[PDB]
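A.B. asks: Sharing a structure with you now.
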Amino acid sequence: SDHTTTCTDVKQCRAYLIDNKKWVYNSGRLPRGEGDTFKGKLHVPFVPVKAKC
Amino acid sequence: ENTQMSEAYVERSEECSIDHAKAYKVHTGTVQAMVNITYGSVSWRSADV
């Protein structure tokens with residue numbers, strides 16, 4: 001919370017955000033997390049099935 | 001001054017359980033048939049031999 005930084009410009013300091021309440025699929029277009037990210041699974045809804053055409 | 005990892009890895013697709021090319025090796029095996037038999041004054045009776 002708060003933490004008023006004692007420096008001058010907004011262009012010389014980066015910022016981040018650590019939200020851990022929800023979880024995301026490991027895309028190839030997202031940066032990898034810090035350490036051990038767990039292997040928790042979601043089902044794939046529309047699987048292949050052998051039908052009649 | 002930065003570093004991006006970007007590893008890649010090949011695994012089996014999810015449609016491989018429904019169509020795939022099984023690769024068999026064939027040796028000689030049994031021969032079966034089916035016959036229709038009548039004789040004299042009886043009807044046709046069939047069995048697997």
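Every chain in the structure tokens takes a letter, A first, then B, and so on in the order presented; its residues are numbered from 1, and the ligands are numbered from 1 following the presented order.
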Please provide the set of residues having any atom within 12 Å of residue 4 (chain B), restricted to only C-alpha atoms, with same-chain residues fewer than 4 positions apart removed, written as a ChimeraX atom specification.
C.D. replies: /A:28-32
A.B. asks: Okay, now the selection with N, CA and C atoms, as a PDB file, in the first residue's frame?
C.D. replies:
```pdb
ATOM      1  N   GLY A  28       1.885 -19.132 -25.218  1.00  0.00           N
ATOM      2  CA  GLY A  28       3.211 -18.819 -25.693  1.00  0.00           C
ATOM      3  C   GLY A  28       3.474 -17.347 -25.874  1.00  0.00           C
ATOM      4  N   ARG A  29       2.477 -16.504 -25.606  1.00  0.00           N
ATOM      5  CA  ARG A  29       2.580 -15.060 -25.766  1.00  0.00           C
ATOM      6  C   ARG A  29       2.407 -14.332 -24.436  1.00  0.00           C
ATOM      7  N   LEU A  30       2.707 -15.006 -23.331  1.00  0.00           N
ATOM      8  CA  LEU A  30       2.655 -14.440 -21.993  1.00  0.00           C
ATOM      9  C   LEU A  30       3.961 -14.735 -21.274  1.00  0.00           C
ATOM     10  N   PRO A  31       4.441 -13.823 -20.430  1.00  0.00           N
ATOM     11  CA  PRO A  31       5.693 -14.085 -19.711  1.00  0.00           C
ATOM     12  C   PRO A  31       5.498 -15.072 -18.570  1.00  0.00           C
ATOM     13  N   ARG A  32       6.486 -15.949 -18.407  1.00  0.00           N
ATOM     14  CA  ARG A  32       6.431 -17.005 -17.404  1.00  0.00           C
ATOM     15  C   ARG A  32       6.571 -16.419 -16.003  1.00  0.00           C
TER      16      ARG A  32
END
```
A.B. asks: Pull out every residue of chain B that has at least one atom within 12 Å of chain A, counting only C-alpha atoms, and report them as a compact mmCIF listing (two decimals) with C-alpha atoms, in the first residue's frame.
C.D. replies:
```
# COMPACT_ATOMS: atom_id res chain seq x y z
CA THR B 3 16.85 -12.37 -22.14
CA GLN B 4 13.83 -14.28 -23.45
CA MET B 5 13.76 -18.05 -22.97
CA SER B 6 11.10 -19.42 -25.38
CA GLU B 7 11.36 -23.22 -25.32
CA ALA B 8 9.31 -25.59 -27.48
CA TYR B 9 8.32 -29.23 -27.27
CA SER B 13 -2.17 -34.47 -30.81
CA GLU B 14 -5.59 -34.92 -29.25
CA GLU B 15 -7.06 -36.43 -32.43
CA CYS B 16 -4.63 -39.37 -32.34
CA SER B 17 -7.11 -41.54 -30.43
CA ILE B 18 -9.68 -41.46 -33.24
CA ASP B 19 -7.60 -41.83 -36.41
```
A.B. asks: So how many Å separate CA of residue 25 (chain A) and CA of residue 42 (chain A), to one decimal?
C.D. replies: 9.0 Å
A.B. asks: What is the distance between CA of residue 23 (chain A) and CA of residue 46 (chain A), in Å to one decimal?
C.D. replies: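 Calculated distance between CA of residue 23 (chain A) and CA of residue 46 (chain A) is 21.4 Å.
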A.B. asks: List every residue of chain B that DSSP, applied to the backbone of this structure, assigns to strand (DSSP E), and report them as a ChimeraX atom specification.
C.D. replies: /B:34-37,45-48
A.B. asks: Excluding residue 5 (chain A) and residues on its chain fewer than 6 positions from it, collect all residues at most 12 Å away from it, counting only C-alpha atoms, and give them as a list in words.
C.D. replies: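 My list of contacting residues is residues 12, 13, 14 and 15 of chain A.
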